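This document starts with one chain, in the form deposited in one PDB entry, laid out as structure tokens.
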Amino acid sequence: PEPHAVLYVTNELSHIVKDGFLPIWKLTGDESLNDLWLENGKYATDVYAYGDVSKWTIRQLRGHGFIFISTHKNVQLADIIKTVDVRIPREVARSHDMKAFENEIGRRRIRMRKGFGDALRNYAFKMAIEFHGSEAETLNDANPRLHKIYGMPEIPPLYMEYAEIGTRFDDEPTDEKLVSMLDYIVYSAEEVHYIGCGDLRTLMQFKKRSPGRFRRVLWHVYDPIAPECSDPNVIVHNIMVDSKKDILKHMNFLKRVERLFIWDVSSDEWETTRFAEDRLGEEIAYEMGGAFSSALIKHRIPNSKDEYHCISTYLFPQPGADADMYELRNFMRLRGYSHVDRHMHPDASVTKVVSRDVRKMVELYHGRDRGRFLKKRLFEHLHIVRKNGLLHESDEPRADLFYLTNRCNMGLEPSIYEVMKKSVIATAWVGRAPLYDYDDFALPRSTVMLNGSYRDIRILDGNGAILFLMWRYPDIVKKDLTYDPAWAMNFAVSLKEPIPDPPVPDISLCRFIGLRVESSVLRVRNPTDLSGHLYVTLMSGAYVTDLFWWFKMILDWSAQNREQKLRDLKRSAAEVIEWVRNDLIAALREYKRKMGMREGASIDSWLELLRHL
């Protein structure tokens, strides 16, 4: 809505910037601290800035809005030697196109979005178990035997009771059928009896792309034609399978384990053998249902039969599989130990299927050049627990990232705060620009600031949030981390995180970039300094800081003295950018003088927490 970034470039770039349409900020390594803060605050959009910044730490620079573009790998600071956020290729200076240069920034900026949500997420996996509004990404980095991953994924093309299909959605190519299979089914298994594994090329390429989960899992594999695979998490079996006893003897029963049954069995005049193969793969899974957690039975569709039967939880189309591949994979969820509770997905039963409706599924969703987006949906739907965030009442501690402010939740505002009163970590869209690849809606920043802050609950904007994590848990959140602060500043973030002792004015907390331009607009438009300053912050909705702590920082902390208060900075390894209650109490008042109803309680809460402290 207001928040910008300083697109910082290194010397050799500068000349081309001049030729742009955005404001340029020039340095000049002196510049006091309180110099940057007043200048940077003049820029109501993104800026370009160059020249010497040796004096300064990174935190200092990110709180200011910095993104480090250059041709060189890194740039020298006072803190450390930072990895440039945005490297430019030589040739694409160089050239000296302002446009290809400006485009080049954009892309990496959208790529930078990732790193931001990787820090918050990567902290959540540190402090939590339950998990809400999740997706493949969160599955991807989860520990399936600890974190418990809920959410509401977008349900794929399915056949059971039960039809509905389609409709079609846009999609792109992926990994060939057989490794694109493994990819979505393998997640929480611990042991896999892979029946009919062929020559193993399949599973090896699975290793070659997805190495972690290949090793975090155990593979019995079965074929007349399977070679000796030197791997030690691979016990091979040449034995062909007619009975469930050719698997059974090869499971340790004295210990609990999630086990997965994968069937893929084909041989060599009609073929109602193709049939009683699949049907067998099913019966064998079934008899064992109670030792496996689930199964992916192969399921090709016959010509002869218009309708037929099978045991099924689901039947679905196959990513990366050719268009003419007339073969669905049949899921069976089962009973048997599993670190993911799937009792939503119905207990695999007998299923009447109509060939032509399967025939249609293949027709709609198969294609070499389709699957990517299907596979995802399958993955989630299979392994996420279908549970609604604002409604789930949890016993364990719980994280709430990047779903909260979704357009489907619109109106249900109260429930939202309820979640941010008690989550470990959660985030709300508060950005007021156009604003794309993002389908969220904004919460009023004042209302966030005021409802957000509780003793335990620290309420910062994404950048503050990050700065904080850098500063408190330096190795949950690295310092060299690349991210785009502007974007970080579209999110309100909340953490179950105690106030510092002593409540130092760290950047995580105190930035207030542009608060002077912010105070003037305020006064030409809707007109009514630590008294007025608090009011500005609120009325602007430019800002999201932790009211509570910042309160505590003012009264309980300043005074203290000159000597005795920096000192307690050293120490708390804090850092700043800027070198009584009766103000604040009116600050509040004035605020709600202008805002009956559109708020604020609460307010009342805040006042009555000064008038008692």
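All residue numbers are counted from 1 along the displayed sequence.
Gap between residue 528 and residue 529: 10 or more deposited residues without coordinates. Comparing the deposited coordinates for 175-183 and 430-438, the stretch with the larger average C-alpha B-factor is 430-438.
In this entry, 517-525 shows the higher mean Cα temperature factor of the pair 517-525 and 100-108.
Out of 192, 152, 77, 93, it is 93 whose C-alpha atom has the highest B-factor in the PDB entry. Looking at the C-alpha B-factors along this chain, the one for residue 338 belongs to the middle third.
Sort the modelled residues of the chain by CA B factor and residue 73 lands in the lowest third. Among all modelled residues in its chain, residue 548 ranks in the middle third by Cα B-factor. Split the chain's modelled residues into thirds by C-alpha temperature factor. Residue 563 is in the highest one. When the CA B factors of the chain's modelled residues are split into thirds, the value for residue 125 lands in the highest one.
What comes next is about the form solved in complex with a small molecule, which is not displayed.
For the residues 474, 302, 498, 397, the 4.5 Å heavy atom test against the small molecule in the deposited bound form is passed only by 302. 359 is the sole member of 533, 432, 215, 359 with a non-hydrogen atom lying within 4.5 angstroms of the small molecule in the deposited bound form. Look at 324-332, 253-261, 80-88, 344-352: in the deposited bound form, residues with non-hydrogen atoms within 4.5 angstroms of the small molecule sit in 324-332. Although the partner is absent from this view, residue 271 contacts the small molecule in the deposited bound form, with a non-hydrogen atom inside 4.5 angstroms.
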